[PDB]
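Trainee: coords please:
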Amino acid sequence: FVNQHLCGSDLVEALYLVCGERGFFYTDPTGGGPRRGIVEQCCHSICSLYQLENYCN
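Mentor: Residues are numbered from 1 along each chain as shown. Right below this line is the structure:
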């Protein structure tokens with residue numbers, strides 16, 4: 001969970017630590033064009049936990 005790219009469930013298991021007990025919401029359920037701000041950001045690019053901490057609660 002350092003300089004690796006998160007994509008799909010990978011992100012979830014990752015936000016889980018970032019948000020921890022704070023709980024969080026995944027991007028839109030559309031899956032065809034959800035909040036590309038979370039998936040592509042960390043999937044298309046290596047985002048740090050910081051950004052993931054942006055969607056935590």
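Trainee: So which residue is dead centre in this protein?
Mentor: residue 11 (4.3 Å; C-alpha atoms, centre = their mean).
Trainee: you'd agree that residue is up against residue 43?
Mentor: Yes - when contacts are counted by C-beta atoms under 8 Å, residue 11 is listed as touching residue 43 (7.1 Å). In short, each C-beta sits where N, CA and C put it, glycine included.
Trainee: Show me which residues of stretch 14-33 are buried.
Mentor: Under the neighbour-count criterion of 16 or more other C-beta atoms under 10 Å, stretch 14-33 has 14-15, 18-19, 24, 27 buried.
Trainee: Wasn't residue 3 part of a helix?
Mentor: No - counting by DSSP: H, G, I helix; E, B strand; the rest coil, one finds residue 3 to be coil, located in no helix.
Trainee: That one: neighbouring residues, count only.
Mentor: 6 (other C-beta atoms under 10 Å).
Trainee: There's contact between it and residue 47 in this structure, I believe.
Mentor: No - Residue 3 lies out of contact with residue 47 (C-beta under 8 Å); the separation is 10.2 Å.
Trainee: Which other helices and strands does the top helix by length along the chain contact?
Mentor: Ranked by residue count and defined by DSSP state H, the top helix of the chain is helix 9-19. On a contact count with 3 or more C-beta pairs under 8 Å, 6 or more residues apart in numbering; DSSP states H and E, helix 9-19 meets helix 39-44, helix 49-52.
Trainee: Most tightly packed of those?
Mentor: Highest mean neighbour count of the helices and strands packed on helix 9-19: helix 39-44, a mean of 17 (counted as mean count of other C-beta atoms under 10 Å).
Trainee: from the buried residues of stretch 14-33, which is closest to residue 37?
Mentor: Nearest to residue 37 among these is residue 27, at 7.5 Å by C-beta to C-beta.
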